[PDB]
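Novice: Pasting in a structure now, in structure tokens, and then I'll have a few things to ask.
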Amino acid sequence: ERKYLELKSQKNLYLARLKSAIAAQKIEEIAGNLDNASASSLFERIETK
Amino acid sequence: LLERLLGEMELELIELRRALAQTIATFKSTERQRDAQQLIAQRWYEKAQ
Ligand SMILES: Nc1ncnc2c1ncn2[C@@H]1O[C@H](COP(=O)(O)OP(=O)(O)O)[C@@H](O)[C@H]1O
């Protein structure tokens with residue numbers, strides 16, 4: 001009983017940490033850096049267009 | 001076949017125009033990236049100043 005309670009007391013923290021990292025990664029593919037010029041960042045693709 | 005060839009060659013000519021447009025676009029992009037790099041170098045020189 002106590003072991004199960006302990007695991008349930010941490011599942012939420014682990015999920016939050018995973019979601020924050022996913023969103024942080026999803027930032028970069030859009031803008032990244034201003035001098036990125038990779039044609040992968042969505043702003044440079046519009047600029048060349 | 002004279003008319004067929006003339007229409008096909010019209011298509012080829014507009015295709016060449018589009019290709020040249022893309023080429024000049026990429027040239028402009030490379031020019032901009034060079035300017036950004038020299039700007040960063042100037043910033044570092046000013047920092048050392
Ligand atoms: N610190 C940095 N400063 C400037 N540009 C960077 C930096 N790090 C990465 N880049 C940019 O990343 C680009 C390479 O991305 P790209 O090769 O298109 O991605 P992929 O490897 O998926 O094809 C380069 O054009 C470079 O300008």
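Residue names in the structure tokens use chain letters A, B, ... in the order shown, residue numbers from 1 in each chain, and ligand numbers from 1 in the order shown.
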Mind listing the residues within 10 Å of ligand 1, only C-alpha atoms and all ligand atoms counted, as a PyMOL selection string?
Specialist: (chain A and resi 29+32-41) or (chain B and resi 30+33+36-37+40)
Novice: Based on the selection just made, write N, CA and C atoms of those residues as a CSV table (one decimal), in the first residue's frame.
Specialist:
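Result went into out_23.csv, see below:
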```csv
chain,number,residue,atom,x,y,z
A,29,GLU,N,12.4,24.6,-33.5
A,29,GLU,CA,12.2,24.3,-34.9
A,29,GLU,C,11.5,25.5,-35.6
A,32,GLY,N,14.4,29.3,-33.5
A,32,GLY,CA,15.8,28.9,-33.3
A,32,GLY,C,16.7,30.1,-33.0
A,33,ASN,N,17.5,30.4,-33.9
A,33,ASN,CA,18.4,31.6,-33.8
A,33,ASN,C,18.2,32.5,-35.0
A,34,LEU,N,18.4,33.8,-34.8
A,34,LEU,CA,18.2,34.7,-35.9
A,34,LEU,C,19.2,34.4,-37.1
A,35,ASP,N,20.4,34.1,-36.7
A,35,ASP,CA,21.4,33.8,-37.7
A,35,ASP,C,21.4,32.3,-38.1
A,36,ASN,N,20.3,31.6,-37.8
A,36,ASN,CA,20.2,30.2,-38.2
A,36,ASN,C,20.2,29.9,-39.7
A,37,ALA,N,19.4,30.6,-40.4
A,37,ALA,CA,19.4,30.6,-41.9
A,37,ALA,C,19.4,29.1,-42.4
A,38,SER,N,18.7,28.2,-41.7
A,38,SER,CA,18.8,26.8,-42.1
A,38,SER,C,17.7,26.4,-43.1
A,39,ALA,N,16.8,27.2,-43.4
A,39,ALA,CA,15.6,26.9,-44.2
A,39,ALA,C,14.7,25.9,-43.6
A,40,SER,N,15.1,25.5,-42.3
A,40,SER,CA,14.2,24.6,-41.5
A,40,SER,C,13.4,25.5,-40.6
A,41,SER,N,14.0,26.5,-40.0
A,41,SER,CA,13.2,27.4,-39.1
A,41,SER,C,12.2,28.1,-40.0
B,30,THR,N,22.7,34.5,-48.8
B,30,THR,CA,24.1,34.4,-48.5
B,30,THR,C,24.8,35.7,-48.1
B,33,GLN,N,23.7,36.7,-44.7
B,33,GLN,CA,24.4,35.9,-43.6
B,33,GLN,C,25.9,36.4,-43.4
B,36,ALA,N,25.7,39.4,-41.3
B,36,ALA,CA,25.5,39.1,-39.9
B,36,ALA,C,26.8,38.6,-39.2
B,37,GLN,N,27.6,37.8,-39.9
B,37,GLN,CA,28.8,37.3,-39.4
B,37,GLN,C,29.8,38.4,-39.1
B,40,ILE,N,28.8,40.3,-36.0
B,40,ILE,CA,29.2,39.6,-34.7
B,40,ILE,C,30.7,39.8,-34.5
```
Novice: Compile the residues of chain B that lie within 12 Å of chain A, evaluated using only C-alpha atoms, and express the compilation as a list in words.
Specialist: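 Every residue meeting the condition is included here: residues 21, 22, 23, 24, 25, 26, 27, 28, 29, 30, 31, 32, 33, 34, 35, 36, 37, 38, 39 and 40 of chain B.
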Novice: Could you write out the selected residues, including N, CA, C and O atoms, as a PDB file, in the first residue's frame?
Specialist:
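Result written to result_12.pdb:
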```pdb
ATOM      1  N   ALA B  21      15.210  33.075 -60.702  1.00  0.00           N
ATOM      2  CA  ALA B  21      14.685  33.784 -59.538  1.00  0.00           C
ATOM      3  C   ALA B  21      15.127  33.119 -58.241  1.00  0.00           C
ATOM      4  O   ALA B  21      15.572  33.794 -57.301  1.00  0.00           O
ATOM      5  N   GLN B  22      15.028  31.790 -58.173  1.00  0.00           N
ATOM      6  CA  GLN B  22      15.469  31.106 -56.958  1.00  0.00           C
ATOM      7  C   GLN B  22      16.961  31.312 -56.720  1.00  0.00           C
ATOM      8  O   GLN B  22      17.399  31.489 -55.572  1.00  0.00           O
ATOM      9  N   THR B  23      17.758  31.287 -57.791  1.00  0.00           N
ATOM     10  CA  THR B  23      19.198  31.476 -57.638  1.00  0.00           C
ATOM     11  C   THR B  23      19.521  32.843 -57.045  1.00  0.00           C
ATOM     12  O   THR B  23      20.333  32.957 -56.113  1.00  0.00           O
ATOM     13  N   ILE B  24      18.889  33.899 -57.565  1.00  0.00           N
ATOM     14  CA  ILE B  24      19.189  35.229 -57.038  1.00  0.00           C
ATOM     15  C   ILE B  24      18.687  35.364 -55.603  1.00  0.00           C
ATOM     16  O   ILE B  24      19.305  36.059 -54.780  1.00  0.00           O
ATOM     17  N   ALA B  25      17.590  34.679 -55.262  1.00  0.00           N
ATOM     18  CA  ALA B  25      17.132  34.684 -53.874  1.00  0.00           C
ATOM     19  C   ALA B  25      18.181  34.090 -52.938  1.00  0.00           C
ATOM     20  O   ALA B  25      18.503  34.675 -51.892  1.00  0.00           O
ATOM     21  N   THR B  26      18.729  32.925 -53.295  1.00  0.00           N
ATOM     22  CA  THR B  26      19.740  32.310 -52.435  1.00  0.00           C
ATOM     23  C   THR B  26      20.989  33.180 -52.343  1.00  0.00           C
ATOM     24  O   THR B  26      21.632  33.247 -51.286  1.00  0.00           O
ATOM     25  N   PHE B  27      21.353  33.846 -53.441  1.00  0.00           N
ATOM     26  CA  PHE B  27      22.494  34.757 -53.389  1.00  0.00           C
ATOM     27  C   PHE B  27      22.260  35.882 -52.386  1.00  0.00           C
ATOM     28  O   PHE B  27      23.155  36.224 -51.597  1.00  0.00           O
ATOM     29  N   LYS B  28      21.061  36.471 -52.398  1.00  0.00           N
ATOM     30  CA  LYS B  28      20.750  37.516 -51.425  1.00  0.00           C
ATOM     31  C   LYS B  28      20.838  36.981 -49.999  1.00  0.00           C
ATOM     32  O   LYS B  28      21.352  37.657 -49.096  1.00  0.00           O
ATOM     33  N   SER B  29      20.333  35.764 -49.780  1.00  0.00           N
ATOM     34  CA  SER B  29      20.386  35.182 -48.441  1.00  0.00           C
ATOM     35  C   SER B  29      21.826  35.017 -47.963  1.00  0.00           C
ATOM     36  O   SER B  29      22.148  35.330 -46.806  1.00  0.00           O
ATOM     37  N   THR B  30      22.708  34.527 -48.838  1.00  0.00           N
ATOM     38  CA  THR B  30      24.107  34.366 -48.451  1.00  0.00           C
ATOM     39  C   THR B  30      24.755  35.711 -48.145  1.00  0.00           C
ATOM     40  O   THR B  30      25.547  35.830 -47.198  1.00  0.00           O
ATOM     41  N   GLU B  31      24.435  36.738 -48.936  1.00  0.00           N
ATOM     42  CA  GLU B  31      24.944  38.075 -48.639  1.00  0.00           C
ATOM     43  C   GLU B  31      24.529  38.524 -47.241  1.00  0.00           C
ATOM     44  O   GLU B  31      25.350  39.041 -46.466  1.00  0.00           O
ATOM     45  N   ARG B  32      23.257  38.316 -46.897  1.00  0.00           N
ATOM     46  CA  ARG B  32      22.774  38.714 -45.578  1.00  0.00           C
ATOM     47  C   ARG B  32      23.506  37.966 -44.468  1.00  0.00           C
ATOM     48  O   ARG B  32      23.863  38.554 -43.437  1.00  0.00           O
ATOM     49  N   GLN B  33      23.735  36.665 -44.660  1.00  0.00           N
ATOM     50  CA  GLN B  33      24.428  35.890 -43.633  1.00  0.00           C
ATOM     51  C   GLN B  33      25.862  36.376 -43.446  1.00  0.00           C
ATOM     52  O   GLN B  33      26.364  36.445 -42.314  1.00  0.00           O
ATOM     53  N   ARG B  34      26.537  36.722 -44.545  1.00  0.00           N
ATOM     54  CA  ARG B  34      27.882  37.281 -44.433  1.00  0.00           C
ATOM     55  C   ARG B  34      27.861  38.572 -43.622  1.00  0.00           C
ATOM     56  O   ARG B  34      28.732  38.805 -42.768  1.00  0.00           O
ATOM     57  N   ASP B  35      26.874  39.430 -43.886  1.00  0.00           N
ATOM     58  CA  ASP B  35      26.777  40.671 -43.124  1.00  0.00           C
ATOM     59  C   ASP B  35      26.577  40.399 -41.638  1.00  0.00           C
ATOM     60  O   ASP B  35      27.189  41.065 -40.793  1.00  0.00           O
ATOM     61  N   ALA B  36      25.736  39.421 -41.299  1.00  0.00           N
ATOM     62  CA  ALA B  36      25.527  39.093 -39.890  1.00  0.00           C
ATOM     63  C   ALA B  36      26.817  38.612 -39.231  1.00  0.00           C
ATOM     64  O   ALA B  36      27.125  38.996 -38.091  1.00  0.00           O
ATOM     65  N   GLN B  37      27.581  37.767 -39.927  1.00  0.00           N
ATOM     66  CA  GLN B  37      28.837  37.283 -39.358  1.00  0.00           C
ATOM     67  C   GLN B  37      29.809  38.429 -39.102  1.00  0.00           C
ATOM     68  O   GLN B  37      30.442  38.498 -38.038  1.00  0.00           O
ATOM     69  N   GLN B  38      29.947  39.342 -40.066  1.00  0.00           N
ATOM     70  CA  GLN B  38      30.870  40.450 -39.834  1.00  0.00           C
ATOM     71  C   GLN B  38      30.375  41.348 -38.708  1.00  0.00           C
ATOM     72  O   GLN B  38      31.185  41.925 -37.970  1.00  0.00           O
ATOM     73  N   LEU B  39      29.055  41.461 -38.539  1.00  0.00           N
ATOM     74  CA  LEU B  39      28.522  42.231 -37.418  1.00  0.00           C
ATOM     75  C   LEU B  39      28.913  41.606 -36.084  1.00  0.00           C
ATOM     76  O   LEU B  39      29.288  42.311 -35.139  1.00  0.00           O
ATOM     77  N   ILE B  40      28.821  40.279 -35.984  1.00  0.00           N
ATOM     78  CA  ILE B  40      29.209  39.611 -34.739  1.00  0.00           C
ATOM     79  C   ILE B  40      30.698  39.812 -34.471  1.00  0.00           C
ATOM     80  O   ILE B  40      31.123  40.037 -33.326  1.00  0.00           O
TER      81      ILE B  40
END
```
Novice: Please identify which residues in chain A DSSP calls alpha helix (DSSP H) from the backbone, and express them as number ranges by chain.
Specialist: A: 2-28, 42-48
Novice: Given the choices A:15, A:5, A:30, A:24, which gets closest to residue 42 of chain A if the distance is worked out from only C-alpha atoms?
Specialist: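 Ranked by minimum distance to residue 42 of chain A, first place goes to A:30.
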